[PDB]
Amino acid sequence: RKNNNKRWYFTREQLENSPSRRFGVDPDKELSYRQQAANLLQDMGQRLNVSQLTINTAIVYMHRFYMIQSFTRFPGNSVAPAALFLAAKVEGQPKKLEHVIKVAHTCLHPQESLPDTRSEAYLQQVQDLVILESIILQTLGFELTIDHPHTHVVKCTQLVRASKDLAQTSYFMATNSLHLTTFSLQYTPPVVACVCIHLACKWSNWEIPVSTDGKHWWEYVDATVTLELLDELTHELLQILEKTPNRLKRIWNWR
């Protein structure tokens, strides 16, 4: 990765003073614009048949892109398709340009119909995407290698022998933390991963036993991590989850 190490991690005050804020987008609006872009990425990604990993990667691109650019200048509905197109290439699941354009269009305009692939209006939207991919590459300074919390969750939930249930709920937490929060702009992936495992445990009434050494499980995942921070971050994630219609239902034990 073209770094350095804390270039893409921001303080809450830095998150407050975002490029969009400068052009009069309220905090709450901006959070929404992020959530809608992530939703559009997930919708497109599923239809294009890329992996959750590829979608996740595109979501981080988007998140980072908007620490530099403003939603007032680049609409989420334009950046998402370019971000996904780029991420599919980067993650080794290249999707064709016409293909991403076709799927973007059906997601954004279900009732409309794709223009004629010979029209100047269609040739132009193909070019608008290419141009936007290039703007994204340059905004991210060509740092495209993304580390996700999922990598570290997998490690832990196995090295603690969690039920499939617990591990699946954690992966779910990790994925939703990308859609619903800006954790990826604030905390390292091993930390985010601890947050997700912690909440998954609380949600499932599971307790991971203290290690023989007297070390809590998260100490094997990230040394900076404290129970205070974990509880603060899980509460934040739980709150946005409760505000997202039908989301908790997916992990709710109905028996």
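C-alpha atoms forming the largest set that superposes within 1.5 Å between two forms make up the rigid core. One-based numbering along the sequence shown.
Comparing 150-158 with 70-78, which has C-alphas lying farther from the shown form in 6 other deposited structures of this protein once the core is aligned?
Comparing 150-158 with 70-78, the larger C-alpha deviation in 6 other deposited structures of this protein belongs to 150-158.
RMS CA shift, core-fitted in 6 other deposited structures of this protein, bigger for 28-36 or for 211-219
Between the two stretches, 211-219 moves farther in 6 other deposited structures of this protein.
117-125 versus 179-187 - greater average Cα B-factor per the deposited record
The deposited B-factors put 117-125 ahead on the C-alpha mean.
So, looking at the entry's B-factor column for Cα atoms, which has the higher mean, 37-45 or 226-234?
The stretch with the larger average C-alpha B-factor is 226-234.
Looking at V210, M67, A200, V60, which has the biggest Cα B factor in the entry?
Of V210, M67, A200, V60, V210 has the highest C-alpha B-factor.
Of the options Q111, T145, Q93, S170, which has the highest CA B factor as deposited?
Max CA B-factor in the entry, restricted to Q111, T145, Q93, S170: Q111.
Please place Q239 in the lowest, middle or highest third of its chain according to the CA B-factor in the PDB entry.
Answer is middle: the recorded C-alpha B-factor places it there.
State the tercile, meaning the lowest, middle or highest third, of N205 with respect to the CA B-factors recorded for its chain.
Highest third - that is where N205 ends up once the chain's C-alpha B-factors are sorted.
CA B-factor ranking of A162, expressed as a third of its chain:
Highest third of the chain for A162's C-alpha B-factor.
Consider only the C-alpha atoms of the modelled residues in this chain, order them by B-factor as the entry records it, and name the third containing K89: lowest, middle or highest.
Tercile = lowest for this residue's CA B-factor.
State the tercile, meaning the lowest, middle or highest third, of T72 with respect to the CA B-factors recorded for its chain.
Its C-alpha B-factor, which the entry lists for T72, ranks in the highest third among residues of this chain.
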